[PDB]
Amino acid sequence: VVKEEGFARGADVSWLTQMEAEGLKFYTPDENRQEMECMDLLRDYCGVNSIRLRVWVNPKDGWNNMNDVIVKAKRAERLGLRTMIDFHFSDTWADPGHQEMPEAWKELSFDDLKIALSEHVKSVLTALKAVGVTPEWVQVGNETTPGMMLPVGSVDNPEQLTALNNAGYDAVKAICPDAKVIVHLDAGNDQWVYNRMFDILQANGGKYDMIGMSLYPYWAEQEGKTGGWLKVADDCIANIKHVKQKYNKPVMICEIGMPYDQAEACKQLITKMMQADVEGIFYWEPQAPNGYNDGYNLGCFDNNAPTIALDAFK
């Protein structure tokens, strides 16, 4: 098997090692319904050529730590899958409402905080290099719409945010000179969020190679917003065009998802977005059963097998 080039048809499968430990099984969606390892299933039946993995610094239960990430990245590599590493710079989930630095970093000087961030990035990438894995892409933060490691890396501290961003960028290039560094925000439909962040980076010499977006549009259907999920997708396509023009950087859809029970609409969304001016699309945790963790319903499996959603990728 060899890694594909070109458009990234991806999945984030960070939960996979925990699910395996908990005893979940995955099956082929054809008549034979063969039990199968999940990455191999995604590659062979869902057209996936790329895998994304989150990194948490000192997580209580160990999942998403460097050690776990190495396991999944080695498996991706062996199966001929390209890898994206997504640094949360937290001990737990990083998202627009929750950007908490690791507890161990909370009393460092700003100068030592930059060094700890840098050392975390380098140590993870160095360990990946040692086991034969060179990521194609790396995110410096995850959905950093308000900044990262708040309050210190808040957009309200543009100099400090930029300095943390650049420590990350520098650390990636140190170990992986050809890795594309992604700044990833949520709400790809929302130009204003992108303007604010990327104008901060412009104003302060922020380094990044690629703009990352999340697209989860089904809420607009459910809340009965005029235009439905299609309007949110069209607004995302407009925003993709806008950031390319204004900042001259390529765009990745780092996360996409629809309700597991919206197979047909999800297939159409992905088919639609595959013609947008992006370098790839990563389905977030496609294998997660409805209800997983806190009640997650935006997987694209049912009865432990892929729905037609990722038929877009085949």
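When you see a residue number, it is the position in the sequence shown, counting from 1.
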Quiz item: Between 98-106 and 73-81, which has the larger average Cα B-factor in the PDB entry?
Solution: 98-106
Practice problem: Would you tell me which stretch averages the higher CA B-factor in the PDB entry, 135-143 or 202-210? | Solution: 202-210
Quiz item: Which of these has the highest Cα B-factor in the record: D30, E255, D68, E285?
Solution: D30
Exercise. Go through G188, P151, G168, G228 one by one and give the residue whose Cα B-factor in the PDB entry is largest.
Key: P151
Exercise. Would you please rank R54 by its C-alpha temperature factor against the other modelled residues of its chain and give the third it falls in: lowest, middle or highest?
Key: lowest
Self-check item: Record-listed C-alpha B factor of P306: chain third
Solution: middle
Exercise. Name the third of the chain's ranked CA B-factors that contains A265, choosing lowest, middle or highest.
Key: middle
Quiz prompt | Chain-wide C-alpha B factor ranking for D12, given as lowest, middle or highest third | solution = lowest
Practice problem: Please rank the C-alpha B-factors of the chain's modelled residues and tell me whether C38 sits in the lowest, middle or highest third. | Solution: highest
